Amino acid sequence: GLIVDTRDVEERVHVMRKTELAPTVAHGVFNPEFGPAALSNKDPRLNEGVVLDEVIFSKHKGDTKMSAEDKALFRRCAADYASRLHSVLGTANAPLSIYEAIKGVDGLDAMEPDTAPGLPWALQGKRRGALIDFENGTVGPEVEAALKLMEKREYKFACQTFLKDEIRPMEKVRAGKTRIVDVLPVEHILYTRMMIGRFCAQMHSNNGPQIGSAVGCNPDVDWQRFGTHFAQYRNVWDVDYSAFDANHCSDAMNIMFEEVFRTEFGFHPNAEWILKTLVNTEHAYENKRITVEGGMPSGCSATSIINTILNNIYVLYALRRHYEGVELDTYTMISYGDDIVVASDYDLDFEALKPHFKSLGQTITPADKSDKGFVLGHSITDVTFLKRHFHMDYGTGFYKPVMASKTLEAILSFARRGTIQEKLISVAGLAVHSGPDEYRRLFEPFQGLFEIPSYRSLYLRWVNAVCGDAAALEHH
């Protein structure tokens, strides 16, 4: 995005310099090159002379202004993708009711009861429970006012900033590159679900390479489905973006909402409007109130869906801008926000696409750092998606999501107080695909202290989930 104005308001909001992620017994054993993100401005382990909040908003390099030819090209790509998208999902995207928006629908889960309320509720100190009732499906008078304001399109708001308490690489922790969370108001999140919840739910259930979205997927079971698809193609690319969410230019965002969420496809008139308010935002960090143009605020409703849609359109846009006579069936892809895997039988040159992505404001680079110039001939077994490799299981002969051991060590090395036991059960479901020897080694430090599930138990669970009949066939 582009920072247009900065000013210090008289009021001030509390941040989060507590870092709840404490080390575990594993940390001393594995000695990982990872640690909690630097939340304090005077954090001792930061590099010399690094002002934290200075680095925080360094992602906002600018709002890439597109030309009329480029905007016209982008509009056609948005329309063509939208055509494909709604032909699979259908045209049933009617306005969702207040009950359905809160309680969810078949595909879309309910809203989080105990979570950050946003502005101007966090200042006065009113949580979601005060405004919206739990397990009820109704809204208070403060929210009701916002709904009617959003109908007339008079509603305005400001995004609340929060430092993301998470584990990051020590190089980025020392650099002071802590990621930020853009918390929108609860009424915005609610109304967004009313406008496009029917659409979002439908995408989750129909996730796959056809619509080009992995939002709604379960890696354990769906890795087989995706693996077999991408293995069929000759060339596969593990593309990585640089600040994908921040670098969404206004022209790209505005045109995408105008083509995808039209009244022709069943959406409400305000479905376009509510999404367009994400373009120009006002972010509140402590005392500084920063007005920003362009970029997606990470924390609005359907952020992963909007990013996924934009990601799909960018690939279509970039190819058509370089090559001639390119269509949707020319290539295949699936994405989850910024994360993407592209494939095609044609020998496409992604190195030549670099500047065509730069017109959108995006900077694509290869995930595989070796050479670092977008080579050809790669397969699904080389690439990564959702921090998971695609490896063939030696027993069942299906693809399984295998995370890197160094990543798994970093996860196990840190935890909140009291959550260690429950975390060890959850992470074991991820670690099972690494293999019996690697599974044992990852949970070796925790032996004789916490409950560690067996390899046999979690493997047999996965075999039932990935198919179910595969387990039954082995008996006969």
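Numbering starts at 1 and follows the sequence shown.
S.K.: Take the C-alpha B-factors listed in the entry for 238 to 246 and for 137 to 145, compute each mean, and give the stretch with the larger one.
M.R.: On average, C-alpha B-factors are higher across 137 to 145.
S.K.: Decide which of the stretches 370 to 378 and 122 to 130 has the higher mean C-alpha B-factor, going by the entry.
M.R.: Taking the mean C-alpha B-factor of 122 to 130 and of 370 to 378, the larger value falls to 122 to 130.
S.K.: Taking the Cα B-factors listed in the entry, which of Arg179, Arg168, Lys156, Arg321 comes out highest?
M.R.: Highest C-alpha B-factor among the listed options: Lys156.
S.K.: At the C-alpha atoms, which of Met16, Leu458, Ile452, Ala465 reaches the highest B-factor in this entry?
M.R.: In this record, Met16 carries the highest C-alpha B-factor of the candidates.
S.K.: Using the B-factor values recorded in the entry, state whether the Cα atom of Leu108 falls in the lowest, middle or highest third among the modelled residues of its chain.
M.R.: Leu108: CA B-factor falls in the middle third of its chain.
S.K.: Is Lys288 in the lowest, middle or highest third of its chain when residues are ranked by C-alpha B-factor?
M.R.: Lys288: CA B-factor falls in the highest third of its chain.
S.K.: According to the PDB entry, is the CA B factor of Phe257 in the bottom, middle or top third of its chain, that is, lowest, middle or highest?
M.R.: According to the entry, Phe257 has a C-alpha B-factor in the chain's lowest third.
S.K.: Using the temperature factors of the C-alpha atoms in this entry, rank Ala415 within its chain: lowest, middle or highest third.
M.R.: As the PDB entry reports it, the C-alpha B-factor of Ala415 lands in the middle third of its chain.
S.K.: Among all modelled residues of this chain, ranked by Cα B factor, put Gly212 in the bottom, middle or top third, i.e. lowest, middle or highest.
M.R.: For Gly212, the deposited C-alpha B-factor lands in the lowest third.
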